[PDB]
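# Per-entry structural report
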Amino acid sequence: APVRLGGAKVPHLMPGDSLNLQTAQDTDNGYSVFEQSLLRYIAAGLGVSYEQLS
Amino acid sequence: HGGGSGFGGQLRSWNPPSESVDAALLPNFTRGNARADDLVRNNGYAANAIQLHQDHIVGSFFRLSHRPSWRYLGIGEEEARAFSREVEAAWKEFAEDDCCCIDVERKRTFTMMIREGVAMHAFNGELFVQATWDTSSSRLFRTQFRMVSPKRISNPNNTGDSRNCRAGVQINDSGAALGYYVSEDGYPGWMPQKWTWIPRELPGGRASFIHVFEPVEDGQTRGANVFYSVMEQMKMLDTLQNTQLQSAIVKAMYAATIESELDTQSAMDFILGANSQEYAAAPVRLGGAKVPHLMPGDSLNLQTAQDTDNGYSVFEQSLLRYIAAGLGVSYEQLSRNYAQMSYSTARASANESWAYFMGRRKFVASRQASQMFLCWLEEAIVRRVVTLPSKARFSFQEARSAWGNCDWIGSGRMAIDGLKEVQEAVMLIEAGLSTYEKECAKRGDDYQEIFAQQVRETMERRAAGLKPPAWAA
Amino acid sequence: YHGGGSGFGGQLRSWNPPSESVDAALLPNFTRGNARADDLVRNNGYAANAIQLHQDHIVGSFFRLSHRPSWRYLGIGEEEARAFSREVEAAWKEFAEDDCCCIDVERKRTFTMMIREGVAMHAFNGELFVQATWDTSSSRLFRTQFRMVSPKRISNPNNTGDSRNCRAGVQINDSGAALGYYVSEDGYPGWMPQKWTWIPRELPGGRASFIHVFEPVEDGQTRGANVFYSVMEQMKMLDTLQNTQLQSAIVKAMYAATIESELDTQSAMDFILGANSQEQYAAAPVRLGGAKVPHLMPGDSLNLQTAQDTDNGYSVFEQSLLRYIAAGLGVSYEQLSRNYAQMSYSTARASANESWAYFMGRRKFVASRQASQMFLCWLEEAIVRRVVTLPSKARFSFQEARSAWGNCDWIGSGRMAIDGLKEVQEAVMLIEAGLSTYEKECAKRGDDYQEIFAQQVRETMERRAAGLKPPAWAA
Amino acid sequence: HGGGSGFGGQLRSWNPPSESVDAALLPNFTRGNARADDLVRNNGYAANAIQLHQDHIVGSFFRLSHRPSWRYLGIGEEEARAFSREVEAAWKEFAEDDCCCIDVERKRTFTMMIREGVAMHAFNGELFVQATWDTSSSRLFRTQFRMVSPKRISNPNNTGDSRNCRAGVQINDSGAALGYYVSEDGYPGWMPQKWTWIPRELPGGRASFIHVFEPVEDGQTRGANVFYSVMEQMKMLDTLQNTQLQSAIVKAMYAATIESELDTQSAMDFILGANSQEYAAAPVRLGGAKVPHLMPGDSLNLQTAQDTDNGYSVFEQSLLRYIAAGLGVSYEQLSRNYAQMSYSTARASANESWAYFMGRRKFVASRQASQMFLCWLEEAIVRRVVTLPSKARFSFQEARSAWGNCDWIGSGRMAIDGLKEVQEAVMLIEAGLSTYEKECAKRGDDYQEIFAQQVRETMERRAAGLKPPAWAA
Amino acid sequence: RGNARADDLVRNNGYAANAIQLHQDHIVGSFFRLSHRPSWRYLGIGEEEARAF
């Protein structure tokens, strides 16, 4: 079943129910910084300056 | 390689059905433009977006300069510029007339015609202007121009689409348009909608109906509004904005809470002050610190709530930037956010957007206005309003584009600094590289009357006998 | 395309807005929209400030006419027209900014106020209605007077429906041009009925009986739309959020502490708070002394709740919304929000010019038209009374050359400089380079070169008569 | 679309009762001014805001310069100059009269009456002043004045408001005011308040009573205070400041707690030193460490309390900006917070507020002063204070506006820097762009007497013989 | 298939639409003026005819 997007719609879940919201995690937990190291390394291979490449 | 399947399957089931843009958008073209009206008339950003277009590619005024092909006609520039003078004044008199006589609706002036058209073109993909010939002989010029909403053009009687008629647009084998089936107004839904076929061009040669747009690829008919790339995101952004604001309300609203086995009315009396001593449960005065004496067993709680903006502003940043890319307009102009910007960088943002705007001005504003202009010339010359030189190698209809070759002046690029901007402009003509004509066109005026006005001032000041201005002898 | 139809996996499958003209999309509940807009500008601080920004910047304080007839097109030497225009300007000057206050029928405002009134109501109601009339009493030299009319006044008679020609009290021909208007009289007492009245748009002689000005978005639109109509819901939602959050902090900071005694309230507060020694429900107020360390038995506790932050991200969230607000109203954000912090000179200069340019386009498309509309109507009577004589050798008469005779432009409050010294440096050097004229410079400063020159020569000989020193303009 | 119902209902029950401005203002008109007086009399921000007006709208003085329409009246140039200075001298002598007898109350001078005018128009939305002619001719001018509070102007006997009698304002058919019903002071509530009908205009061509206010739209009869968009929120702000202050007291007031089965009095002696040797419980001397010897079952818990400004400060200026938005005043002036302000940022905010003040001066301060001016001038001519030119095309009553045309000079813009302001001023005038009158008026002075004073200066110096000043030859 | 996917991105994505818009506005700009420079030396023609022509 689909659900229509609307207001807050606070529910009245019975005892023994739960409405856990998954907080997930930082989508870029260092990945950008890790690319910085890799991009510099690959820049050395191609000789072209890293900032031009990235 | 990349187009085949994608790494690890991934896009195993993404098979866009390659087809012409005509087949791409015509089935939902009316449906698409309907959503365009909604966003432009209900979201602030869209309203700002179109507003920014009107005030840049058009601006407050839209001046005209006529450049007939005297060399291509073999006419001396002396009489050529002599001839081009009065018509400009004649057009100027006919252009900014207060009566709004140039439109049948009699509720708009020439400048806003372009402004609405480019706006109409912006948020709908195209614009339509229809030429008329009113019978009111009192006016020297007996023609008027009115725009038409694109939704007013469609197949008569909702006819299924065919090769030569598409959305009520008559097209020949080659691809040119010939006629338009346009419906009338439909504000009262009680009466049925009739239809009217209008030829694109009068067989005589005078323009009857002008449709201006930009075809992305060849053989198409209707221009698609710019929002077709950002419609999905922008609408959901608004919904998120409203929902996020609503959540803050309710979460902040329920501030405290109290629990007890005691009576509900009694609890407020002994905890939250209450006024039951004298439907709505109990109003409570706001006074001092008002420390209670909750009995052991019950308690009072103050909800800590939650951060009202848990990075939501950052999410707006990215989403607005995405929207700005689709719209072409710079981000800081769209969101009116100018944080942590250097002068050099601030120039670049406006620098590229201005280049984008000037492209649209030539390709939309200039074309439609010039297409409007020569039609007015046609009436003027046939009504003997102005006189052509005797040396004319060709007839007016023969060299109509050559005769009516004209360029337009819009509102100038207001400088972020100006002082350097004027300084560089001054030293440029000092270097002799530039000319008065283009620099004043950049600012928003024409050198000719500027020279006359300066001539006007210097004689007046010398007549006034105070001091000659900075142009003497 | 693809985004038009159904989007990403159903997504906006329920978004199928109807397609129709703006009149069909605005007229049905058009009255309610004005009511919503009216309340916001009446009660929300930002909205009142927003419209105030329009009034004080689109026109500002003064509004000066400049009549520049097309002498070449009129078959008249500019020397006659220049002399002629000077006469009419003073007569207009004698008529427009006069302390007579008789420009309006109710005699309450002055000319500059009329435009300021008009632009404001046009801003938050979409359009302006001004009535042009005549005075039977020849007491005044000019019998014409004006009267602004609320757009709410303009309405269909007997609150009936609308036809192909009848639309919200406006009668239109096939082309949609307005010809007839219906105005109901004021109904301030809540009992007596309102009475309508049909008014022609213009008199057959070319006189504008009733002037209506707005900015339609598409052909056929009869009534303009208020600028708020895109962002009104945010204001109300922002309004309640501000009040609720402010209210919430009151209660969160209300109850500072609590006591967990087993005894009665009186005994508890006496032994934990103090008070007592009563002089003669009301519980007991406690003197605010110092420290007052109490003693406790087991089973009783004095707990001071820490509450929570009163601005836990509220301001920044509002900071975002106000940015969205300024986009809808087309005004510089920091100006609307009065939040002029953390921006450099370039950044500050960027926003200010951007909005100011929007005002200038708005000023030309509204203020210039409305002032000119009134000016020609007054001019009609002015020459009818022949207070100023038209040039004898005119190629055309006045009636056909209405715009040519009445060709005029207007100047309001100038672009007040952010820096000043830089800006004055601009004008002086470009004039030294000869890239502009005194007219533009004076107009950009909200002035006219004529009297400035007249004052300049006047101040010259005055000191010269005083024998003090020749100013920087001699011989 | 947006105005219909709202997304997800939302504003499904927001239905303002569309009405005329008076139809909403009049029913609660007294209550509006009631709360306005309370806020200005009790709230510092309200007091500061109002105080910010009379010293900026008009400053500490109000110069007058009468400019008759000599060209329109066809009068000689210098003759008009001769007339203007005589009446100016006559006016200025009477305007700042140290008698304080200009007003019947004899408790205010002309300048502060103008300040009284603008301030009253600020927090009450309107301005009143009664023109009277005194019988006692002890002095040259019999025309006194008295501003009347709006609270003294209302419908007589609290009768039902009518079509032509709204809020004690006699209204003609066209909507213009004809007369007013003024109630005398009712300082003791024991006695009733009678009513006097005052004509708006004396039949002789004299403004018997002068009412100044700004109408939002047509049909207005009274003026709405600027606070109308700011009352409730700032009142809730007012109690919040008090409420947190009291809460901060008690939270910081209670410091330590003692629990022990021992008798409380002995607990104080054994633990907190006490003075048991010599009801106010038991005081404690303030000395050194006072390390105790708590037995098992006892403790000396110290209350860490809680931060006294947990976001309250940063919550303030967010509201105060909203407050300052309502009153139009710049935020930093109202809040007296001036941090994080660069030179350009300071320039902009002061500039923005300044223009609005200049507008407010023109529409209120100049209006009231002009109305006071010609009324006095009317007495001046009838008393032959100044002799009119013979060749007057029309008499004074016919050309009151022409005779009485004038401007006013308030206090100047307090320059933040001054140097460049003077530096731009000197380069502006030398360029010929401006005139000496302009800037000195912007400074707040008149060019005429400065020329005379400098002329006085140079001859005084020459007589003393020290050095020719910078005006010689 | 490749053009089909390539078409869709420029047809329904803001960034892609921005890219091609940047292409047109920068690669060619608003005006595309032409000059004719025949090689009169190779043509063995007097330059005066060539530039006049």
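Notes on the structure follow. (Residues numbered from 1 in each chain as written, not as in the entry; some residues may be left out. Chains lettered and ligands numbered in written order. Part of a larger assembly, values for the part shown. Heavy atoms only, no water. Residues with missing side-chain atoms left out of burial classes, pairs and counts.)

## A closer look at the overall build of chain B
Note the threshold: Only DSSP runs of H or I covering at least 4 residues are called helices, and only runs of E covering at least 2 are called strands; the numbering of each starts at the N terminus. Taken over C-alpha atoms, the radius of gyration is set against a globule rule of 2.2 Å times the number of residues to the power 0.38.
For chain B, the helix and strand inventory stands at 15 helices and eleven strands. Radius of gyration (C-alpha) of chain B: 32 Å, far over the 23 Å computed for a compact globule of 473 residues. Once the C-alpha set of chain B is aligned to its principal axes, its extents read approximately 110 × 75 × 60 Å.

## A short note on the overall build of chain C
The number of helices and strands found in chain C is 14 helices and twelve strands. Since a compact globule built from 475 residues should have a radius of gyration of about 23 Å, the 32 Å found for chain C marks it as more spread out than a globular shape. Across its three principal directions, the C-alpha atoms of chain C cover 110 × 75 × 65 Å.

## Some details on the interface of chain B and chain C
For the record, the criterion: Note on contacts: a residue pair qualifies if any of its non-hydrogen atoms lie within 4.5 Å across the two residues. Once two parts are brought into contact, the accessible area they lose, counted with a 1.4 Å probe and summed over both, makes up the buried area. Basic side-chain nitrogens of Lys or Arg form a salt bridge, by our definition, when they fall within 4 Å of a carboxyl oxygen of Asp or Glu.
Counting from both sides, the interface comprises 122 residues of chain B and, opposite them, 135 residues of chain C. Between chain B and chain C, the buried area comes to about 11200 Å², and carbon and sulfur atoms account for 59% of it. Considering only the surface of chain B that becomes buried against chain C, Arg41, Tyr187 and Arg336 of chain B emerge as the three largest contributors, covering 8% of it. On the surface where chain B and chain C come into contact, there are four salt bridges.

## Some details on the sheet that holds strand β5 (residues 170–172) of chain C
Residues and elements named next belong to chain C. We count it as follows: In this description, strands pair whenever DSSP reports at least two bridges between them.
If you trace the four strands from one edge of the open sheet to the other, you get β4-β5-β6-β7, paired in antiparallel fashion. The open sheet terminates on both sides in strands that have one partner only, identified here as β4 (166–167) and β7 (196–200). Bridge analysis of strand β6 (residues 178–184) against β7 gives five bridges, and the strand direction is antiparallel. Note on β7: the bridge partner recorded for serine 184 is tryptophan 196.

## Description of helix α14 (residues 436–443) of chain D
Quick note on the threshold: Think of it in three bands: residues with accessible area under 20% of the maximum for their type are buried, residues over 50% are exposed, and the middle band is partly exposed, with areas taken using a 1.4 Å probe on protein chains only.
Among all positions of α14 of chain D, only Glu437, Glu439 and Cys440 of chain D are buried. Residues of α14 of chain D that are buried make contact with α14 (449–466) of chain C together with α13 (419–430) and α15 (447–464) of chain D.

## A few points about the state of the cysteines
Applied cut-off: Disulfides are defined as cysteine sulfur pairs within 2.5 Å.
Evaluated as defined, the whole model comprises three disulfides over all chains. Across a sulfur-sulfur distance of 2.0 Å, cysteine 99 of chain B and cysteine 101 of chain B are joined as a disulfide pair. The disulfide joining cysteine 99 of chain B to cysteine 101 of chain B has a torsion of about -130° about its S-S bond and is therefore left-handed. With a relative accessible area of 29%, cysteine 99 of chain B lands in the partly exposed category. Each sulfur of the disulfide joining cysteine 100 of chain C and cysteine 102 of chain C lies 2.0 Å from the other. The sign of the S-S torsion, about 115°, decides the handedness of the disulfide formed by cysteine 100 of chain C and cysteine 102 of chain C: right-handed. Sulfur of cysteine 406 of chain D: no disulfide; nearest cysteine sulfur belongs to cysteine 101 of chain C and is 12 Å away.

## Comments concerning the arrangement of the chains
Considering only C-alpha positions, the minimal separation of the non-contacting chain A and chain E is 17 Å. Nothing in chain D touches chain E, and the closest approach of their C-alpha atoms is 26 Å.

## Points about a nonpolar patch on the surface
All names here are of chain A. Quick note on the threshold: Patch construction takes residues with relative accessible area above 30% that form no salt bridge. Like charges are linked within 9 Å, and nonpolar side chains (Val, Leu, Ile, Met, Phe, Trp, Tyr) are linked within 5 Å. In this description, accessible areas are obtained by the Shrake-Rupley approach with a 1.4 Å probe, and a residue is regarded as covered only by the protein chains that are shown.
Together, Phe34, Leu38, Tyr41, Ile42, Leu46, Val48 and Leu53 give the surface a local cluster of nonpolar side chains, amounting to about 710 Å² of exposed area. Per element, the largest residue contribution to the nonpolar patch is five residues, and it comes from helix α1 (residues 31–46). As for its placement among the helices and strands, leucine 38 is situated in helix α1. Given a relative accessible area of 38%, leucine 38 falls into the partly exposed group.

## Looking at the packing of helix α3 (residues 44–58) of chain B against helix α8 (residues 314–329) of chain C
Put simply, the rule reads: A fitted line through C-alpha atoms represents every axis, and for helices the fit uses only the stretch in contact; the resulting angles, taken between N-to-C directions, go from 0 to 180 degrees. Convention used here: angles under 35 degrees read as roughly parallel, angles over 145 as roughly antiparallel, angles from 65 to 115 as roughly perpendicular, and any remaining angle as oblique. Crossings are assigned a handedness: left-handed for a near helix turned anticlockwise from the far helix by less than a right angle, right-handed for a clockwise turn. The classification used treats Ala, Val, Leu, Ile, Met, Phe, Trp, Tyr, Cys and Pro as nonpolar, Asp, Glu, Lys and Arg as charged, and all other residues, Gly among them, as polar.
For the pair α3 of chain B and α8 of chain C, the least separation of the axes is 7 Å and the interaxial angle reads 45°. By the angle class used here, α3 of chain B and α8 of chain C are oblique. Two packed elements cross with a definite hand, and for α3 of chain B against α8 of chain C that hand is left-handed. Residue-level inspection shows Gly44, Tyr45 and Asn48 of chain B of α3 of chain B in contact with α8 of chain C, the latter providing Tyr324, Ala327 and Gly328 of chain C. For the contact of α3 of chain B with α8 of chain C, a count of residues per class yields three nonpolar, three polar and no charged.

## Examining the sheet that holds strand β4 (residues 165–166) of chain B
Residues and elements named next belong to chain B. Strands sit in the order β4-β5-β6-β7 across an open sheet of four strands; the sheet is antiparallel. Looking at strand neighbours, the two that pair on one side only are β4 and β7 (195–199), the edges of this open sheet. Where β4 and strand β5 (residues 169–171) come together, two bridges link them in antiparallel fashion. In the strand pairing of β5, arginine 166 is matched with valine 169.

## Let's talk about a positive patch on the surface
Stated formally: We count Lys and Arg on the positive side and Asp and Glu on the negative side, and we leave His and both chain ends out. The atoms used to mark charge sites are NZ of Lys, CZ of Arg, CG of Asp and CD of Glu.
On the surface, a cluster of positive charge is made up of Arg67, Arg81 and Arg85 of chain B together with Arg72 of chain C. Mapped onto the secondary structure, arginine 81 of chain B falls in helix α5 (residues 77–95).

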